[PDB]
Amino acid sequence: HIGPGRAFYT
Amino acid sequence: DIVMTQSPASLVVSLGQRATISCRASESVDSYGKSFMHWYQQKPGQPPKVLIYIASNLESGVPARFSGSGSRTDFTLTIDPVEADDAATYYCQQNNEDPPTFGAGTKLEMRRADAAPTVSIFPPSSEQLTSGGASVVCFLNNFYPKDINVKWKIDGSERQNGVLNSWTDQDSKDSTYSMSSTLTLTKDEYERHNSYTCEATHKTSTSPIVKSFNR
Amino acid sequence: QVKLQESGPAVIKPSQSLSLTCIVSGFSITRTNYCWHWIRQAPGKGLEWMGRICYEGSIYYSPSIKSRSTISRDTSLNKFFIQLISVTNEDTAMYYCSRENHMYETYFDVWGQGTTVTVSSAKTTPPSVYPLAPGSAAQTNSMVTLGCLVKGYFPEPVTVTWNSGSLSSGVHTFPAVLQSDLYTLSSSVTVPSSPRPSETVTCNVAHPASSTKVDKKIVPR
């Protein structure tokens, strides 16, 4: 899962 | 993960000219149809400054003369006309997937008309002498280009060693360099010799610029 | 508006825990979308990413730091940290914290100044400031150069200003160089030959790792 938001996807 | 490959590693471009730095990514740094790689500039002892984000978009304040191009794996920062201030390292970074990664940096040093060094020699301050030490100091200020040779001639004798050399980085207003030599002696050592001299030899004058004093 | 200030020890003995603190100010750690990063740049090298902690607590570490690292925050003080266990010389670097809009922008828009960290067994020793007054020479054109010798301090860094920031032009301040675990540095100011000696010129050097701050007026010889 790439891109912006990637980090806090959940 | 992506490894970001900047090239050239360094380059010398003259004022008004164009420089082209390029950054290649091992894999695509694209998502939502945007390329998530950015360029930064770091003047010495400054935090990196963003220049261009998401491959083409210019950050506020950054002047007209910065151009962000490319996509997928191929990206180009172009500065034209180069001027004074751009004497800096430029990094590109991707931040499309973990971990984010940076390029190795490209140092832009840049070209101006060859200036010759204002040299200045300074004897020991009394304070140091008091403390048994003696440093003689020669400032070879404001020149271009950087390659300059200094010769520390005390009483006819080049004192080979006991000397320290530091050069500024390029000035971001007149593009020059400057450097300092510190010949360091023991009080007594200094106390047994009437002349000290630094001889700058450098492109601009074939004739070594000599400056000296009585001990 | 936003400020970030890194704080940490100037020097630390090999094989001990480096713990830095990044202090966001004037904006909260927890406003959504921002993630807060740590970036380090070893001298004369590139920036290298170390890890981030996103506004809502998700943490992520560069492999290489992963197993010797711990990124934690303190929501109430509005600061975050990092611990680097069993430091070595490759930990000697400039450490920066910056801010990222992770939802709309992807890039590091604010960055603190960065502190420096030297991993070494050496002693922090304070600096001697010596005035450099032209050995006996007035009528030297319309300009005089004067300088300060800052000899023998450790760890880096030193701030040096002239006349407390008021002389901004003509100043050069040369990189500290090593003399077997001790630093020497120098700075020059060129000034029209009428305010020196007539007016006062003073260099101001501060060497925070030892809280030495000394002013030195360059008097004629």
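As presented, residues are numbered from 1 along each chain according to the written sequence, a scheme that may differ from that of the entry, and residues lacking coordinates are left out. Throughout, the order in which chains and ligands are written sets their labels, letters from A for the former and numbers from 1 for the latter. Just so you know, side-chain values use all the structure's heavy atoms and leave hydrogens and water out.

**Notes on the domain arrangement of chain C**
Residue and element names in this part refer to chain C.
And then number 1: Note that domain bounds follow an automatic or database assignment of domains. Assigned domains within chain C: domain 1 (1-121) and domain 2 (122-220).
And then number 2: Put simply, the middle of domain 1 and the middle of domain 2, counted by C-alpha atoms, are 33 Å apart.
And then number 3: Two residues form a contact once any of their heavy atoms are found within 4.5 Å. In this complex, domain 1 contributes five residues to the contact, which on the side of domain 2 involves seven residues.
And then number 4: Using a 1.4 Å probe, buried area is obtained as the accessible area two parts lose upon being combined, added over both of them. Summing both sides of the interface, domain 1 and domain 2 together bury roughly 480 Å²; the carbon and sulfur share of this comes to 64%.
And then number 5: Each reported salt bridge corresponds to a side-chain nitrogen of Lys or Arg within 4 Å of a carboxyl oxygen of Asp or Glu. Counting the contacts that link domain 1 with domain 2 gives zero salt bridges.

**Side note on the pattern of salt bridges**
And then number 1: Inspection of the entire model under this criterion finds 14 salt bridges over all chains.
And then number 2: For the salt bridge of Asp86 of chain B with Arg65 of chain B, the shortest nitrogen-to-oxygen distance reads 2.8 Å. Within this pair, whereas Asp86 of chain B is found in the loop between strand 10 (74-79) and strand 11 (88-94), its partner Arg65 of chain B is found in the loop between strand 8 (57-58) and strand 9 (66-71), the two being separated by 21 residues in sequence.
And then number 3: Each residue gets one of three labels from its accessible area relative to the maximum for its type: buried under 20%, exposed over 50%, partly exposed in between, using a 1.4 Å probe on protein chains only. Its relative accessible area of 12% is what places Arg65 of chain B among the buried residues.
And then number 4: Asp91 of chain C serves as the salt-bridge partner of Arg40 of chain C, at 3.0 Å between the closest nitrogen and oxygen. Of this pair, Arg40 of chain C sits in strand 4 (residues 34-41) while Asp91 of chain C is found in the loop between strand 9 (79-84) and strand 10 (93-101), placing the two residues 51 residues apart along the sequence.
And then number 5: Shared partners join several salt bridges into a network, and the residues in it are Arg40, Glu48, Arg68 and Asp91 of chain C. Going along the chain from the N terminus, every DSSP run of H or I of four or more residues is numbered as a helix, and every run of E of two or more is numbered as a strand.

**Considering the pairing of strand 17 (residues 163-167) of chain B**
All names here are of chain B.
And then number 1: Side chains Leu164 and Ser166 project from strand 17 onto a buried face, and the interleaved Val163, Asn165 and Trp167 project onto a face without burial.
And then number 2: Strand pairing follows a simple DSSP-based rule, namely that at least 2 bridges must link the two strands. Here strand 17 pairs with strand 18 (residues 177-186) via five bridges, running antiparallel. What sits directly across from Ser166, in strand 18, is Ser180.

**A closer look at the interface of chain C and chain B**
And then number 1: At the junction of the two partners, chain C supplies 43 residues and chain B supplies 39 residues.
And then number 2: For the pair chain C and chain B, the summed buried area comes to about 3,400 Å², and 64% of that belongs to carbon and sulfur atoms.
And then number 3: For the chain C face of the interface with chain B, the top three residues by lost area are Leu47, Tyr107 and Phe174 of chain C, together amounting to 18%.
And then number 4: The interface formed by chain C and chain B includes two salt bridges.
And then number 5: Think of a polar contact as two N or O atoms within 3.5 Å of one another; within protein, one of them needs to be a possible hydrogen donor and the other a possible acceptor, and neighboring residues in sequence only count if both atoms come from side chains. There are 11 residue pairs in polar contact connecting chain C and chain B.
And then number 6: Counting residues per element, the ones that place at least two in the side of chain C that touches chain B are strand 4, strand 5 (47-54), strand 10, strand 11 (108-111), strand 13 (128-132), strand 14 (143-153), strand 16 (171-178) and strand 17 (183-192) of chain C.
And then number 7: Looking at the side of chain C that touches chain B element by element, the count peaks at six residues for strand 16 of chain C.
And then number 8: Charged residues are taken to be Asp, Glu, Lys and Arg, nonpolar residues to be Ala, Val, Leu, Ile, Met, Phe, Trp, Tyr, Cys and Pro, and polar residues to be all remaining types, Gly included. The residue makeup of the side of chain C that touches chain B, split by class, is 20 nonpolar, 15 polar and eight charged.

**Notes on the interface of chain C and chain A**
And then number 1: With 10 residues of chain C in contact, the opposing surface of chain A contributes six residues.
And then number 2: Overall, the association of chain C and chain A removes approximately 640 Å² of surface from exposure, summing both partners, and the carbon and sulfur fraction of that is 64%.
And then number 3: Of all residues in chain C, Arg52, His102 and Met103 of chain C bury the most surface against chain A, accounting for 61% of the area lost on that side.
And then number 4: At the boundary of chain C and chain A, one finds zero salt bridges.
And then number 5: At the boundary of chain C and chain A, one finds two residue pairs in polar contact.
And then number 6: A class-by-class count of the residues in the side of chain C that touches chain A yields four nonpolar, four polar and two charged.

**A few points about the sheet that holds strand 9 of chain B**
All names here are of chain B.
And then number 1: Pairing is antiparallel in the open sheet, where four strands are placed in the order 1-3-10-9. Both edges of this open sheet fall to strand 1 (4-7) and strand 9, since each of them pairs with a single strand only. Taken pair by pair, the neighbouring strands of this sheet meet at an average axis angle of 15°, ignoring direction.
And then number 2: Looking at chain direction, strand 1 and strand 3 (residues 19-25) are connected through four bridges and run antiparallel. Each bridged residue has a counterpart across the sheet, and for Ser7 the counterpart in strand 3 is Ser22. Axes here mean lines fitted to C-alpha atoms, for a helix over just the part in contact, with angles spanning 0 to 180 degrees between N-to-C directions.

**Overview of the environment of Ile85 of chain C**
Residue and element names in this part refer to chain C.
And then number 1: Note that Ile85 resides in the loop between strand 9 and strand 10.
And then number 2: Residue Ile85 is classed as partly exposed on the basis of its relative accessible area, which comes to 36%.
And then number 3: With 95 residues separating them along the chain, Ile85 and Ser180 place their C-alpha atoms 27 Å apart.
And then number 4: Setting aside residues up to four positions removed in sequence, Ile85 forms contacts with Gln16, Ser17 and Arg68.

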